[PDB]
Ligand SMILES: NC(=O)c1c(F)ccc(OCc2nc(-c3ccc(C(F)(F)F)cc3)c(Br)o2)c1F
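For reference, the chain that follows is the form solved without the ligand, supplied as structure tokens.
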């Protein structure tokens, strides 16, 4: 049974790991990586790797990515030991800073060289943080892309679009965590359950292995048009840099009660096929969960973007 690990690198990444632990999560081992030893000490994670102690003496990297990179390379062996056993690694980090921008691509490379299916979920900085930080974040993104199997980018500017003028920052940040947390739970649930039309970790590898950009989403709905509405919500990408448009591979799992109809599955599949605007290699699954009365859950992982 496949082991999933979530690895937070730098301040943003360790904040995401803490908020996900607070939210509550099972069958996933969390690893916190940072140069900042003060922040690590406040990590709710079980495994904690302080990187670059020699180099930073427990301080953060400031805004210099080469420090993050060297810190990660210095601590390769400890990174390897914490990863060991992972079939899948999710690497989360905020791009722009000195630790994440530099260290996260190295953590990704290590995870992948060890044989883990390696997914990145990273932020780009807010426009208000200024051009040099945006440009620094962009070099990190490109480095992440070269190091991972699949990459999901969340531009922090998109948080301003969905939030209104009084939404607390911390509630806004929680919206960005949903991306990673629902992707991890969707895959976790696929592994755990033998569905009526079953998808497993081999199907995750087919869609995600050596692919570049990705979209991961979950949609939930009920009543009339539940299938169309849940599929639409699975692929709606307000926070994402990569939309469904141009996807050539899709993993799509539908979960419902005993009322789940064949017609509904087709409708959901067509919503996704049509929104991609490509001939999509669909890998389809269905799970009957009799606990569900009138809800259906549509899970989408999309890759193969040119």
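Positions refer to the first chain, counted from 1.
Unshown form deposited with the ligand bound; subsequent notes refer to it.
Contact with the ligand in the entry with it bound, judged by any heavy atom within 4.5 Å, is made by just one of 141, 106, 116, 216: 216.
Just one listed stretch, out of 88 to 96, 220 to 228, 141 to 149, 72 to 80, contacts the ligand in the entry with it bound at the 4.5 Å heavy atom level, and that stretch is 88 to 96. Looking at the ligand in the entry with it bound, residues 187, 195 and 251 each place a heavy atom within 4.5 Å of it.
With a 4.5 Å cutoff on heavy atoms, residue 289 does not count as touching the ligand in the entry with it bound; it lies far away.
At least one heavy atom of residue 301 is located within 4.5 Å of the ligand in the entry with it bound. Residue contact check for residue 199: one or more of its heavy atoms lie within 4.5 Å of the ligand in the entry with it bound. The closest non-hydrogen atom of residue 153 lies beyond 4.5 Å of the ligand in the entry with it bound.
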